[PDB]
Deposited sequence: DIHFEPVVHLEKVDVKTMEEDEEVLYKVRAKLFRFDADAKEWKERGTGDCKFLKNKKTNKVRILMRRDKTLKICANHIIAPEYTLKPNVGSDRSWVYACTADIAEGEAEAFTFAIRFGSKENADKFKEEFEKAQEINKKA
């Protein structure tokens, strides 16, 4: 009897954490939210390059997509013990690659410290590759 008739598939998730991401608007000299959701470190199984990929909750829209460059440095913000700021030279969340000053904030200091640990591990992976 005849019977009735994301582009992340190439990647391993090294780390996942809930975060709020901000971009600095120098024009207004103020921090602006870019998205809240899961921040993931994805290792491409072909190139072994690790990126940050972050998607807003509800819409699943990308608010961060960039290589974790070995040259980047996580720096504290004056207001927060659970956030890092860093310059990013090429983020393609909104299409064309652009530089940003990012700040990413977590639920706790432990999460922030863990993120930094993983961020550095990924930098080291991006150096060997």
Stretches of deposited sequence not represented by any CA atom are 1-3, 9-16
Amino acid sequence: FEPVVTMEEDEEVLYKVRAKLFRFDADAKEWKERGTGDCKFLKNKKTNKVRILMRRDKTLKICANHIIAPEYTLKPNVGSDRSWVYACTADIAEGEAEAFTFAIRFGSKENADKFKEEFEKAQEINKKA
From here on, numbers count along this sequence of modelled residues.
Looking at the entry, does 73-81 or 22-30 show the higher mean C-alpha B-factor?
22-30
Mind pulling up the entry and telling me whether 103-111 or 8-16 has the higher mean Cα temperature factor?
8-16
Checking the entry, which one of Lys40, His66, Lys45, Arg56 has the top C-alpha B factor?
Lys45
Among all modelled residues of this chain, ranked by Cα B factor, put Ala97 in the bottom, middle or top third, i.e. lowest, middle or highest.
highest
Within this chain, which third does the Cα B-factor at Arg51 fall in: lowest, middle or highest?
middle
